[PDB]
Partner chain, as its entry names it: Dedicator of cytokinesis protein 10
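A single chain, nothing else alongside it, follows as structure tokens in the form deposited without its partner chain.
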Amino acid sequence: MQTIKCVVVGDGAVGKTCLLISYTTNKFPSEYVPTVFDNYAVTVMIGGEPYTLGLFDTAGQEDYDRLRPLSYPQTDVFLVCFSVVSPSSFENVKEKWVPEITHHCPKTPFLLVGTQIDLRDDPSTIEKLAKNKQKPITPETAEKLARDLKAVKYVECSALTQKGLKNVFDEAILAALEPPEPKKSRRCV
């Protein structure tokens, strides 16, 4: 009916699934994260006419490297997710994710989404980080990464406390608004 496909991507355990399910049901899956890689839909009211926002989840694990890209076709905006309290995923945004996306979808915009920020203050997570890199990604450093990789922008959220969250998706909606007739329509293919 006038679609907006947004494919979520990011290392594993980064909180991709919880982020979507949280956004869509307004309830963080506090007992079992649905093990199914599913699409989601939300009828957004952009302007005056409704738009179908297609939220697509992905399987991050390496095993899916050769398959994952299959869902990429016709995407409008991407969300490269990384857990604010696991530098691991953050490094991968650069070394793995952004490249993959660009490779397959060169004209498709993408936002850098920091996830699990609520944990930026959970001591045990900090005490665990101890391994010298006992430092959770800060907005300061993530932002530059956005600039370098050319992300439309950096937005961060907590699927647990709902903080930001919706914003991430508004930013996703606004970044995806393809032009009118223009042969320059970033819709991936």
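Numbering follows the first chain given and starts at 1. For the two forms, the rigid core is made up of the largest set of C-alpha atoms that agree within 1.5 Å on superposition.
Omitted from view is the form solved in complex with its partner chain, to which the following refers.
Using a 4.5 Å cutoff between non-hydrogen atoms, residue 142 does not count as a contact of its partner chain in the bound PDB entry.
Using a 4.5 Å cutoff between non-hydrogen atoms, residue 135 does not count as a contact of its partner chain in the bound PDB entry.
Put simply, residue 38 is close to its partner chain in the bound PDB entry: some heavy atom of it is within 4.5 Å. Residue contact check for residue 163: one or more of its heavy atoms lie within 4.5 Å of its partner chain in the bound PDB entry. Applying a 4.5 Å heavy atom cutoff to its partner chain in the bound PDB entry picks out 16, 17, 25, 26, 27, 28, 29, 30, 31, 32, 33, 34, 35, 36, 37, 38, 39 from 12 to 39, in order along the sequence. Core-superposed comparison between this form and the one not shown: the C-alpha position of residue 31 differs by no less than 2 Å. Annotation: Cα of residue 134 displaced by at least 2 Å between this form and the one not shown, core superposition.
Look at residue 172 and residue 32: in the bound PDB entry their Cα atoms come 3 Å or more closer than in this form. Annotation: residue 165/residue 32 CA-CA distance shorter in the bound PDB entry than in the displayed model, change of at least 3 Å.
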